[PDB]
Every structure is written in C-alpha cells, then in structure tokens.
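Enquirer: Below you'll find the structure I mean.
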Amino acid sequence: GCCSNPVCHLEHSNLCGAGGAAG
C-alpha cells in the first residue's frame, strides 16, 4: 500500500515499521 512507498514509509516509519503493512 502506502508503506511500500519510500516517502510514505519514511513518514509512517513508526506506523509501518519493518513488517507491518508490507504494501
């Protein structure tokens, strides 16, 4: 989803982490 995107992943760093919502 959004987490798979570097920009979103950076912002949602604590939200997605390194496993949660792998897309």
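To be explicit about the labels: the chains of the structure tokens are called A, B, and onward in the order shown, and within each one the residues are counted from 1, while ligands get numbers from 1 in the order they are shown.
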Find the residues near residue A:4: any atom within 7 Å, counting only C-alpha atoms, skip ones fewer than 3 places away on the same chain, and give them as a list in words.

Expert: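 Residues meeting the cut-off are residues 1, 9, 22 and 23 of chain A.
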
Enquirer: May I have the residues within 9 Å of residue A:13 as a list in words, using only C-alpha atoms and disregarding those fewer than 5 positions away in the same chain?

Expert: residues 3, 8 and 18 of chain A

Enquirer: Next, the residues of the selection above should be written as a compact mmCIF listing (two decimals), in the first residue's frame with C-alpha atoms.

Expert:
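File written: again-v7.txt
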# COMPACT_ATOMS: atom_id res chain seq x y z
CA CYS A 3 4.17 1.77 3.32
CA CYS A 8 5.23 7.20 2.92
CA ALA A 18 9.66 -3.06 9.13

Enquirer: Run DSSP on the backbone and grab whatever in chain A lands in alpha helix (DSSP H); send it over as a PDB file with N, CA and C atoms, in the first residue's frame.

Expert:
ATOM      1  N   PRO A   6       8.703   4.622  -0.425  1.00  0.00           N
ATOM      2  CA  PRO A   6       9.765   5.206   0.409  1.00  0.00           C
ATOM      3  C   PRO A   6       9.342   6.474   1.151  1.00  0.00           C
ATOM      4  N   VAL A   7       8.658   7.372   0.451  1.00  0.00           N
ATOM      5  CA  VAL A   7       8.208   8.626   1.047  1.00  0.00           C
ATOM      6  C   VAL A   7       7.226   8.371   2.185  1.00  0.00           C
ATOM      7  N   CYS A   8       6.237   7.534   1.916  1.00  0.00           N
ATOM      8  CA  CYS A   8       5.230   7.203   2.915  1.00  0.00           C
ATOM      9  C   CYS A   8       5.848   6.401   4.048  1.00  0.00           C
ATOM     10  N   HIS A   9       6.745   5.491   3.694  1.00  0.00           N
ATOM     11  CA  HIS A   9       7.417   4.638   4.671  1.00  0.00           C
ATOM     12  C   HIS A   9       8.216   5.478   5.656  1.00  0.00           C
ATOM     13  N   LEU A  10       8.849   6.525   5.148  1.00  0.00           N
ATOM     14  CA  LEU A  10       9.649   7.417   5.982  1.00  0.00           C
ATOM     15  C   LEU A  10       8.765   8.105   7.019  1.00  0.00           C
ATOM     16  N   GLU A  11       7.666   8.682   6.548  1.00  0.00           N
ATOM     17  CA  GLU A  11       6.717   9.365   7.420  1.00  0.00           C
ATOM     18  C   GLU A  11       6.032   8.359   8.344  1.00  0.00           C
ATOM     19  N   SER A  13       7.060   5.685   9.439  1.00  0.00           N
ATOM     20  CA  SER A  13       8.130   4.825   9.915  1.00  0.00           C
ATOM     21  C   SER A  13       7.703   4.031  11.138  1.00  0.00           C
ATOM     22  N   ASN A  14       7.092   4.711  12.094  1.00  0.00           N
ATOM     23  CA  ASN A  14       6.633   4.061  13.313  1.00  0.00           C
ATOM     24  C   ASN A  14       5.307   3.341  13.077  1.00  0.00           C
ATOM     25  N   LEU A  15       4.577   3.770  12.052  1.00  0.00           N
ATOM     26  CA  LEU A  15       3.291   3.164  11.722  1.00  0.00           C
ATOM     27  C   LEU A  15       3.467   1.821  11.018  1.00  0.00           C
ATOM     28  N   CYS A  16       4.325   1.798  10.009  1.00  0.00           N
ATOM     29  CA  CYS A  16       4.556   0.580   9.239  1.00  0.00           C
ATOM     30  C   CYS A  16       5.704  -0.237   9.826  1.00  0.00           C
TER      31      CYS A  16
END
